[PDB]
Structure formats: structure tokens, C-alpha cells
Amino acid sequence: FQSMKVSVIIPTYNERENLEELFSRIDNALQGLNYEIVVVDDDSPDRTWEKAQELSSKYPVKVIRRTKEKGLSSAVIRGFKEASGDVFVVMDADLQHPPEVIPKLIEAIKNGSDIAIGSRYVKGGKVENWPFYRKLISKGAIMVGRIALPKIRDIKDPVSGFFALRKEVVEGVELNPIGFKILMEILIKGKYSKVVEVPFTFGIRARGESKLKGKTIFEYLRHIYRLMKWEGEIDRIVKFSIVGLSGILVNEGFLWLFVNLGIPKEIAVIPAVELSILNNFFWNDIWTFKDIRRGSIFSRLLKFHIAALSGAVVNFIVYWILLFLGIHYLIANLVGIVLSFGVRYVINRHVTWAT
């Protein structure tokens, strides 16, 4: 069936030796299928944009040197533009991504997926010769993206550099050239309805020096912030905070009201807090999250209470922990309130008004 063309897009920088075993193993895996390889190199000081060209005699290889421009994600944007295939496959040259599972990816694409991800962390997936501290900071950094961007909540490896997509997913789509996480840009900005994750084994880099670890992590946070903006999440947070402020005022306003109406001070505290909670729920349901209301309004009210109490507990715990650590009590109080706002937001976005 793959008379339809597959472009295998490979960003390189000082990859050398691998080309031989890379192209060999790719060809073996994609035997007799219609495919091209699209190497996009940013003027390596080291030997190839042109070592790849001598292998053009043995392999269907198109080579691109960008000399004005530089960057991993940027290279893949370029590879998209220059590829002529129906299906794009993206991967690294160092053989950490095994060409032998490329068939499983395109197979997933043929079966109806718009996007097939090579995933270290789905059932079956592996990453060999890694400490578990290393593996968990990885899943940790990922979890930050899965929580901050509800759209990729169910994607266990959205930072993977190993994936396939139908050409249509990225056609007419403007992808941000900054960074290292092109897959994440696509999951947020691309056109698709089905994504699957395909287990594979992350291999040891056979040969050559490492050009990323570690520059990625800060860019990755800056990237998540850019995506949060694009997705409307930053705008929801600002409204949620504005509504939060109104709640603090309403809480005090009823508290003052109840003491001059006869009600004792610590019996008054509770109706005051409940009214502030209800106030906060009302404005969030018709403003902050007006567009993603589901089910009964009572079910959401109840869940909103869980998020409010969770916020209160987090505020309590964080505060006392910072005091024991010797932080000034006003900083401790400020961090308390901000972490409580963050946790309330997350639980509301993911539970109360989940998408």
C-alpha cells in the first residue's frame, strides 16, 4: 500500500558515522517501499552535509544545509517544507531511535491515526541504561506539560523526537521555530483527531558527542508558557485570580457584617467563607470557564468545594513548612497563598470543569 510516499526527516549536527548504520537500518526496515530521507543540517563543522550526499548513490537521500539558520525544531520545520511525502517520519540520527519500529508507526498511520508517537512511557516502552532518578525527572518534566496543557493530558511522551504524521496535520499550520520540542508544538497547533502512542526502546547513542543535554529544560518551560498563552490557559488563570481576589473581599465583607449584626466572631467566620466560596464559583462558571461547563451545575459546585478546601490545606502546610525552614513569615504567607491559587486552578481546570 505504501506506494504513497514516506519522508523520513532527520535533523543533524555533527552526526557522522551514524549515517552509515542509520541509512542502512532505515533502508532495511522500509524495504521496497516508496520513501526518501531528508537530512537537514545546520552547516556542521564536522564533515557532513556532504557525507550524506555520497550515500545518495546508495540511498534515496535529499540533503539540506541551512547556514543562515540554526536550531532543532527549526530544522524539522524546514524538513516539513522540503519533504514531498504523504507521511512524515521524524527521528534522530544517533540510533537512539530504532529505524526498525518505523514500520509500526506508519502502520498506525495507515490504520487511521493522524499522528503516531514513538513513546518511551506507554506499556511496552523502554529506555535502556537509565537511572530511575533520571527517568522520573523525565516523567516529572513531562507531567508538568500534561497538567498545564489539558489537550495533551493523556499523552505519556509528548516530548519525544520520534513520531510520524500525515502531511495534512501540519499543512497550512504555523509552527513556532524556537526550541527543541516540535512534537509538543504539533500536538497543540496541528490538525488531527486521532493520536496513538507506539512503544519502542530508547537506545544508547552509539557514537558521537551529545548536543542537548542539558539545555532543554528552561526552553521547555518557556515553551509551555507560550503554548499556555496560545491555548487560552493563561487568560483563564488571570480571570481565576481576579475572581479569587473578589472572594477574599467578599469573605471579609460578610465577616465584618456578621459581628455588628450580633453574631459572635468565630461562629461568623464559617458563613462568611462559604459565601466567598459560592461567590467564587458563580463568577468562574459564567466567566472563567463559561465555555467548558458540563453536567449538572450542582456537581460542579461540589467539586469546586474540594478544590477550595485543597487550596486551604496546601496553604496551611506550605506555610508551616517554610516557617520551620526559617523563611520570614510574610514570604511564607505569600508563597502559601500563591501555591493555593495554583492548586485550586489545576483541580478546577482538570476536575470541576474538565475537558
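Counting begins at 1, following the sequence as shown.
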item	value
Gap at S210 across at least one third of the other PDB entries	yes
Mean C-alpha B-factor comparison - 244-252 and 261-269, higher one	261-269
Between 203-211 and 116-124 (mean CA B-factor, as deposited), the higher	203-211
Among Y225, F132, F163, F282 - the residue whose C-alpha B-factor is largest in the record	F132
Identity of residue with top Cα B-factor, from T288, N34, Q53, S310	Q53
Third of chain Cα B-factors occupied by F298	middle
Assigned third (lowest, middle, highest) for the C-alpha B factor of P98	middle
Third of chain Cα B-factors occupied by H305	lowest
CA B-factor placement of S340, once the chain's modelled residues are sorted into thirds	lowest
Ranked C-alpha temperature factor of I217 among modelled chain residues, by third	highest
